[PDB]
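Just below is one structure, and these are the notes that go with it.
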Amino acid sequence: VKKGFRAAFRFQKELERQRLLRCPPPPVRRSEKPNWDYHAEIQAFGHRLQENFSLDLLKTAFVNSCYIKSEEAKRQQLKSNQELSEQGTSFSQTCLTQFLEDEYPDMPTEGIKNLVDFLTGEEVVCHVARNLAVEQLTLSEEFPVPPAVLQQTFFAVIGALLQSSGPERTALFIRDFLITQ
Amino acid sequence: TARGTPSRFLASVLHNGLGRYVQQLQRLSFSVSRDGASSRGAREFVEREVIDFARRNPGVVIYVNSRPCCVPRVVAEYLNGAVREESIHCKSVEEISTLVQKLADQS
Amino acid sequence: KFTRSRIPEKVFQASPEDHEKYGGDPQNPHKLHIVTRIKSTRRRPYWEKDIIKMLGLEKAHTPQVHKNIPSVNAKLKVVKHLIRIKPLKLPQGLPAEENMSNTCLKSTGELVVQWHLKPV
Amino acid sequence: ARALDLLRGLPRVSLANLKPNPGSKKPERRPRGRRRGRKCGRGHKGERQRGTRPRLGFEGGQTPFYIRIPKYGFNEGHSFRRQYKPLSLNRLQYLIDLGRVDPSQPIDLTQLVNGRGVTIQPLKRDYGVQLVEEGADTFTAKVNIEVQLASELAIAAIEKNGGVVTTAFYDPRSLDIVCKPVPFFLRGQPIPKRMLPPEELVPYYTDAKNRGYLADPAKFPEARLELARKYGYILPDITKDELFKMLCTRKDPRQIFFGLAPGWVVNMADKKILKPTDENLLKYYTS
Amino acid sequence: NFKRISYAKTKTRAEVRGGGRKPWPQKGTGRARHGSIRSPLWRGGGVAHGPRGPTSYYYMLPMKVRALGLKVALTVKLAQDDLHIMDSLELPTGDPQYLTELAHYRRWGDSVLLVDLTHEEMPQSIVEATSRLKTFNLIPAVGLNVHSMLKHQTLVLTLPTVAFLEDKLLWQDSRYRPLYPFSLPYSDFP
Amino acid sequence: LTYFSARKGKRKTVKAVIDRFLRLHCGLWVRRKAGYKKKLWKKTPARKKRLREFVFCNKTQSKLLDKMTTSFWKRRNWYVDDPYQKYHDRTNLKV
Amino acid sequence: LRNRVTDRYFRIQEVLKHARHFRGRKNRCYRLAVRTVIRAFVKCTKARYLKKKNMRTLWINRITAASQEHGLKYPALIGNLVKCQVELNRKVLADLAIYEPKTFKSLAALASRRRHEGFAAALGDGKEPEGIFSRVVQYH
Amino acid sequence: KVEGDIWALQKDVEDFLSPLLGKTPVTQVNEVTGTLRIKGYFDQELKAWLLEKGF
Amino acid sequence: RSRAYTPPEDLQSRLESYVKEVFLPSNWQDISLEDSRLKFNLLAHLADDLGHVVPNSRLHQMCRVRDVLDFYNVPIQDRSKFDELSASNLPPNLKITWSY
Amino acid sequence: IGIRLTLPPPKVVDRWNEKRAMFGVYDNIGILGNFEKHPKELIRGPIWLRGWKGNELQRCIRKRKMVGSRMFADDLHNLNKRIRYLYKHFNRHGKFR
RNA sequence: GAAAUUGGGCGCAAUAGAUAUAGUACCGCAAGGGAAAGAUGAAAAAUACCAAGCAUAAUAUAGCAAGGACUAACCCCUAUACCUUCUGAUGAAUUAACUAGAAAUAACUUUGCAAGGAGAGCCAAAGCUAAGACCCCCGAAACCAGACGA
Ligand SMILES: [Mg+2]
Ligand SMILES: [Mg+2]
Ligand SMILES: [Mg+2]
Ligand SMILES: [Mg+2]
Ligand SMILES: [Mg+2]
Ligand SMILES: [Mg+2]
Ligand SMILES: [Mg+2]
Ligand SMILES: [Mg+2]
Ligand SMILES: [Mg+2]
Ligand SMILES: [Mg+2]
Ligand SMILES: [Mg+2]
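These protein sequence lines are chains A, B, C, D, E, F, G, H, I and J, in that order. In terms of UniProt numbering, the first sequence is residues 31 to 107, 119 to 222. Here the second sequence is numbered in UniProt numbering, starting from 2 and rising by one per residue. Here the third sequence is numbered in UniProt numbering, starting from 35 and rising by one per residue. Here the fourth sequence is numbered in UniProt numbering, starting from 10 and rising by one per residue. Here the fifth sequence is numbered in UniProt numbering, starting from 105 and rising by one per residue. Here the sixth sequence is numbered in UniProt numbering, starting from 94 and rising by one per residue. Here the seventh sequence is numbered in UniProt numbering, starting from 10 and rising by one per residue. Here the eighth sequence is numbered in UniProt numbering, starting from 112 and rising by one per residue. In terms of UniProt numbering, the ninth sequence is residues 56 to 78, 82 to 158. Here the tenth sequence is numbered in UniProt numbering, starting from 32 and rising by one per residue.
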């Protein structure tokens with residue numbers, strides 16, 4: 031028994047690290063960990079992308095309809122997402138067909154439809170919105186945020202930027218995140 | 002060495018310069034002891050430099066936790082979900098400012 | 035025994051064939067040498083190592099300006115196998131205080147006092 | 010000071026703030042690491058790494074320097090030679106000017122110790138003070154000194170100004186009681202009688218030229234007259250002025266302290282003096 | 105450190121028990137040459153350079169440096185605004201909770217060093233109040249030091265202790281070199 | 094020499110050194126020259142005049158003699174009629 | 010033992026995180042892993058010079074191969090592109106050789122054109138007009 | 112025993128001694144203890160100088 | 056009993072009124091406080107009134123009335139650092155907690 | 032693996048103990064109690080090292096002459112052998128001389 | 001190497017600290033030498049993760065076993081094991097634990113005071129006082145004294 035405390039503390043934490051690598055816990059969503067202020071971080075998501083939102087409208091862009099239903103399942107013991126996502130995916134489909142009809146005039150429109158259904162696919166939009174902190178702000182039922190839900194929240198964020206600041210700034214947004222894919 | 006370490010190819014996160022530039026640093030989490038000689042330079046960093054820093058980039062959300070720590074830490078979280086936990090243990094304010102700007106500038 | 039080598043004076047007397055070979059004039063000679071160390075002082079005697087330290091030639095391939103006076107020429111005659119000597123020729127004048135910063139010594143041996151980076 | 014005004018704004022000094030004066034503490038060099046220990050300071054394995062280099066002065070086999078040389082008596086009788094700490098007159102004028110030695114009293118050796126003008130140590134066989142002629146010019150003091158040796162020019166410098174010099178003698182026992190008298194009156198012994206000089210020094214202290222305390226008080230004006238003629242000053246008469254009763258007081262031989270007598274037992278506690286009245290003790294102490 | 109005495113002692117290779125003859129001979133075995141089973145390489149052997157005996161770490165600083173250290177502690181406590189001077193340590197009641205409430209109201213600190221002039225003449229109420237408290241400590245003025253001025257946040261003098269400290273510490277300035285110790289009698293010292 | 098005695102734990106002087114040398118208080122060790130009373134019948138009078146001299150010591154000889162004696166011997170000595178007393182303090186050095 | 014060492018698992022583990030991929034007992038035993046881990050770090054730093062060297066000979070092999078496709082040799086190509094004040098380097102020429110072989114073919118045409126002007130200029134000696142691609146751009 | 116601003120005393124000593132040297136004397140203030148340390152013996156000149164100043 | 060100090064706006068006339076009530083001439087800002095009763099009455103009235111007392115570390119520094127005047131018009135404001143940081147008009151992305 | 036798996040029981044240290052709160056008192060009993068005691072008369076310990084500092088050979092010499100007559104028999108014997116060793120070491124072995 | 005004379009723990013905590021759980025086991029004719037080791041819990045009237053070593057999981061041309069790398073483990077290229085002793089053979093299976101620089105004369109650095117310093121003794125022609133900072137581990141044949149042994 032070697033007297034002292036610091037080697038036992040360091041060894042105690044390395045044992046904690048091998049406990050975390052041998053049997054890691056299932057990943058918890060970020061709003062259920064320390065250092066979360068939801069409102070401050072929606073505002074940070076606004077200023078991060080270099081645009082302004084009406085913050086309540088972006089807040090409803092992150093609130094799904096599954097979350098309200100399981101939330102009211104939890105009440106017994119909020120505007121949904123679908124309007125903004127409808128407007129956002131209608132707009133982004135027609136503006137992606139604008140860009141891809143302008144810069145590729147010789148394409149068949151079957152090919153423009155398959156390009157646009159790539160740039161609004163679940164693989165692309167789910168790969169984009171996991172690196173723009175959309176997934177951390179999504180109020181969803183289950184974690185990880187399932188890909189149809191997160192596609193819906195991403196186009197809800199496009200709809201909220203549309204009602205915020207018009208069609209030109211969303212056209213620059215869609216240009217800078219969906220077309221660069 | 003290179004054969005013991007993993008390697009990777011040079012990349013960006015979501016084509017980070019093509020359309021626009023996005024600050025890849027989401028959250029900083031300072032934790033600073035109130036009474037404690039290791040977080041002295043953290044204390045004088047919160048008092049002097051963290052508000053100026055928080056205004057020079059508003060897409061970064063900064064949490065100063067200020068608990069009784071025995072080693073102070075900064076925990077940078079990035080947009081692609083990486084976490085860099087670095088210590089600000091026994092550092093001056095200027096060394097902490099170059100460290101925090103180092104974490105801000107990178108991805 | 036290996037000793038220090040004197041070199042006789044007929045070695046250092048130019049011939050008019052050499053004035054035809056190199057570009058020199060025996061009347062009105064040049065003022066400044068450019069000396070450049072191009073052969074290491076290691077595996078050389080310690081006196082030659084010292085003369086290289088006095089002349090300011092511890093870096094190889096770095097030019098140094100000297101006077102064309104017989105004392106500096108005596109030290110240069112000690113280490114003439116390690117160095118390279120060119121006359122410092124000056125096409126325009128020596129630089130005044132206006133042109134003091136904007137000079138460049140070219141590889142020909144000339145020192146130009148206006149160094150633009152534009153083609154002619 | 011701006012510095013205590015700095016100490017307002019700083020945290021309180023504790024046992025967690027203290028730090029030595031930079032430069033005080035060299036770091037301990039100890040043989041661990043690549044530089045402080047592989048051979049650990051000793052070099053290659055010989056006799057100086059093993060630890061066994063021979064004594065100081067061993068020259069490896071030739072006869073050592075400190076033994077090739079003839080013994081000569083530089084230090085032959087060193088611990089029986091007498092030593093006398095100098096007191097220059099520049100020093101004693103310095104003591105008189107700063108109030109440390111009162112010249113309106115007799116200046117025995119106790120008064121030069123209690124003003125801390127002269128430190129003499131009776132072990133390491135100092136036999137007292139010798140006057141030193143340094144500072145004889147610019148010595149402006151009427152004084153009465155009792156100094157165990159005195160050069161003629163120092164007698165002249167004192168006796169010019171109206172002074173009196175006498176040269177007393179002290180045993181190492183007697184001198185030791187004279188220097189620090191107060192640790193003798195805590196010793197409980199009666200005051201002893203100081204002994205007369207040895208045969209070397211009886212011709213010193215019986216001569217009136219060097220002002221011996223065993224010499225005539227009938228040969229002193231001849232010697233004071235002779236120095237006053239030699240060094241060119243008109244000899245002032247001590248008899249005229251008002252300090253004459255002070256400038257005449259001598260303690261006789263076989264008296265160590267000034268107003269006291271041998272055989273007395275000073276009781277420092279209740280401030281008394283026990284005096285003996287037995288006749289055999291009085292024959293012994295007044296001898 | 106001057107009062108410190110370390111009682112750590114170990115056994116050297118000569119003091120540890122047994123080990124007087126060679127374990128195996130010098131040459132024939134293929135084992136290492138050893139001379140005792142108690143040399144410092146052996147499990148059970150002596151310690152080569154361990155602590156030896158009671159060692160005392162005694163040293164005196166000169167008394168002018170200790171006295172100047174008491175001065176420096178007093179000016180530092182006054183300059184940090186931690187000196188408080190009373191006229192006497194006489195409490196209206198002898199409970200501890202009165203004195204902790206008083207020290208909390210005047211924003212003194214966690215720990216208070218009360219200093220009175222003598223140990224005989226300390227008032228009974230401050231003795232009963234501070235003899236129970238862990239952080240409020242009565243000390244005579246003779247007992248004043250520097251470790252316990254820095255250990256305590258506030259320091260509380262009375263006016264007789266202040267005149268005492270001025271007398272005892274302004275004495276060290278303008279005093280002669282000693283002929284003999286000051287416990288012995290002098291013309292003017294006590 | 095003895096660095097720590099068995100009785101006192103003090104340094105000891107080498108008494109050969111005291112018996113042969115003279116420490117002046119500035120640090121200079123005076124010695125006598127070797128052979129100054131030997132075979133004088135075969136020595137030239139210049140050499141006999143050289144041998145009867147009080148010769149100072151080297152620097153390393155001086156530091157060797159300092160290490161071989163103790164602080165009693167390094168001490169001011171205010172003797173009566175000392176012959177060497179005018180040689181103790183070092184006058185007018187420019188180092 | 011007054012203070013014997015508590016923190017020794019971590020010194021060992023500072024060495025052995027570098028040896029986790031060795032063979033034999035070198036990944037396990039500290040005495041063996043120190044000699045091999047030190048020796049691996051010495052190789053790791055002396056191999057910076059060999060990385061630079063081996064890339065350059067690799068580029069000369071690729072420029073050699075691709076210029077032999079156009080009849081040139083490597084000394085002809087590099088010499089007569091220096092002589093055209095085309096101060097491309099070996100890395101860029103090897104990468105153009107792989108990825109842009111028309112630019113490499115036109116650089117081989119510019120270097121063989123300059124090579125022939127060097128031949129015809131250094132054949133008909135004396136004062137003559139210089140070649141067209143033989144002209145230099147003076148910088149002052 | 113210098114009590115006060117030692118940098119004024121270093122300026123005035125350095126202005127006093129530089130005619131006796133040509134150059135400014137090379138000194139060292141020790142602002143903590145309050146000493147001032149000059150190179151070369153100038154004890155009698157500084158004692159006379161400080162008696163002139165009134166200290 | 057809280058160490059916050061906010062200097063009054065009539066402090067010139069109040070302090071001057073105390074200087075007259077301890078005494082009185084013109085140029086009253088240059089009155090020396092060399093008398094110790096005068097200093098104790100003046101600063102005792104000011105400490106009784108304003109609730110703000112000259113500390114021991116400063117008490118020898120006022121040798122004129124003007125120095126007490128210059129002392130009683132610095133705002134000594136005392137609150138915790140949690141109440142200083144959160145009142146320093148933080149940006150909307152600084153979030154400060156105090157787990158105490 | 033000589034390292035402990037559970038971290039040790041906590042070290043409760045009372046800084047306001049009797050000994051710690053009154054440490055250092057009467058270190059200045061000489062300089063402000065009229066020099067009646069020395070501070071070296073405050074230290075308690077072995078009788079041969081109350082107010083004395085020496086190296087090991089001197090602590091052994093002083094221990095032998097100050098308490099050695101009533102030391103135990105084989106402790107006195109071990110101590111004479113230590114003085115004999117430490118004598119033969121300090122005086123004959125070392126680097127600097 | 002005198003003398004006169006003077007006057008509880010900034011310990012250890014099971015290879016440590018005692019040899020000691022025991023002068024026991026064992027070894028020796030004897031004197032004599034001399035070990036090792038234990039860990040639950042409040043209650044037993046409650047029966048994890050980590051050394052080396054292996055196993056899960058044998059191997060694939062080539063070579064101090066790595067490094068540069070690489071899409072890729074190997075293949076390509078580079079690379080005369082470490083300590084110590086010599087100007088340039090020794091020792092080590094491996095892991096864990098243990099295991100080797102000890103003295104403050106003089107000088108220096110930092111304070112205090114300063115023609116004086118020092119809490120007597122001691123030094124002093126700027127000194128003196130205080131502190132910091134310098135001096136290893138193992139290994140013979142032997143010699144002597146006293147026992148135990150035919
Ligand atoms: Mg033994
Ligand atoms: Mg042996
Ligand atoms: Mg043991
Ligand atoms: Mg005795
Ligand atoms: Mg044991
Ligand atoms: Mg055992
Ligand atoms: Mg294992
Ligand atoms: Mg190979
Ligand atoms: Mg072997
Ligand atoms: Mg080990
Ligand atoms: Mg038989």
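Where a beta carbon is used, it is the ideal one built from N, C-alpha and C, also for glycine.
Could you pull the DSSP bridge partners for residue i from this structure?
{"i": "residue 148 of chain G", "result": "C:153"}
{"i": "residue 144 of chain C", "result": "C:123"}
{"i": "residue 31 of chain B", "result": "B:65, B:75"}
{"i": "residue 190 of chain E", "result": "E:262"}
Any chance the CB of residue i is under 7 Å from a heavy atom of ligand 3?
{"i": "residue 28 of chain D", "result": "no"}
Can you tell me the Cα-Cα spacing of residue i and residue j, whole angstroms?
{"i": "residue 58 of chain D", "j": "residue 120 of chain J", "result": "14 Å"}
{"i": "residue 235 of chain E", "j": "residue 200 of chain E", "result": "9 Å"}
{"i": "residue 63 of chain G", "j": "residue 36 of chain G", "result": "30 Å"}
{"i": "residue 98 of chain A", "j": "residue 122 of chain A", "result": "10 Å"}
{"i": "residue 154 of chain I", "j": "residue 67 of chain B", "result": "7 Å"}
{"i": "residue 121 of chain G", "j": "residue 89 of chain G", "result": "7 Å"}
{"i": "residue 239 of chain E", "j": "residue 282 of chain E", "result": "39 Å"}
{"i": "residue 183 of chain E", "j": "residue 63 of chain B", "result": "39 Å"}
{"i": "residue 122 of chain D", "j": "residue 177 of chain E", "result": "35 Å"}
{"i": "residue 156 of chain E", "j": "residue 75 of chain J", "result": "19 Å"}
{"i": "residue 245 of chain D", "j": "residue 146 of chain D", "result": "17 Å"}
Can you list, in chain order, the residues of its chain whose CB lies under 6 Å from that of residue i, leaving out five sequence neighbours each side?
{"i": "residue 70 of chain J", "result": "58, 61"}
{"i": "residue 144 of chain D", "result": "97, 98, 99"}
Whose C-beta lies closer than 8 Å to the C-beta of residue i among residues of the same chain, with five residues either side of it excluded?
{"i": "residue 257 of chain E", "result": "186, 212, 213, 214, 215, 216"}
{"i": "residue 194 of chain E", "result": "227, 229, 230"}
Please work out which residues of its chain come closer than 7 Å, Cβ to Cβ, to residue i, disregarding the five sequence neighbours upstream and downstream, and give them in chain order.
{"i": "residue 95 of chain D", "result": "139, 141"}
{"i": "residue 141 of chain F", "result": "133"}
What do you reckon, is the C-beta of residue i under 7 Å from a heavy atom of ligand 6?
{"i": "residue 148 of chain E", "result": "yes"}
Does at least one heavy atom of ligand 2 sit under 7 Å from the Cβ of residue i?
{"i": "residue 124 of chain E", "result": "no"}
### Residues within the segment 60-74 of chain D neighbouring chain F, beta-carbon criterion of under 7 Å
Within the segment 60-74 of chain D, the qualifying residues are 64, 65, 66, 74.
### Query
Which residues, taken in chain order from the segment 47-60 of chain A, show a beta carbon closer than 8 Å to some beta carbon of chain G?
Taking 8 Å as the Cβ-Cβ cut-off against chain G, none of the residues of the segment 47-60 of chain A qualify.
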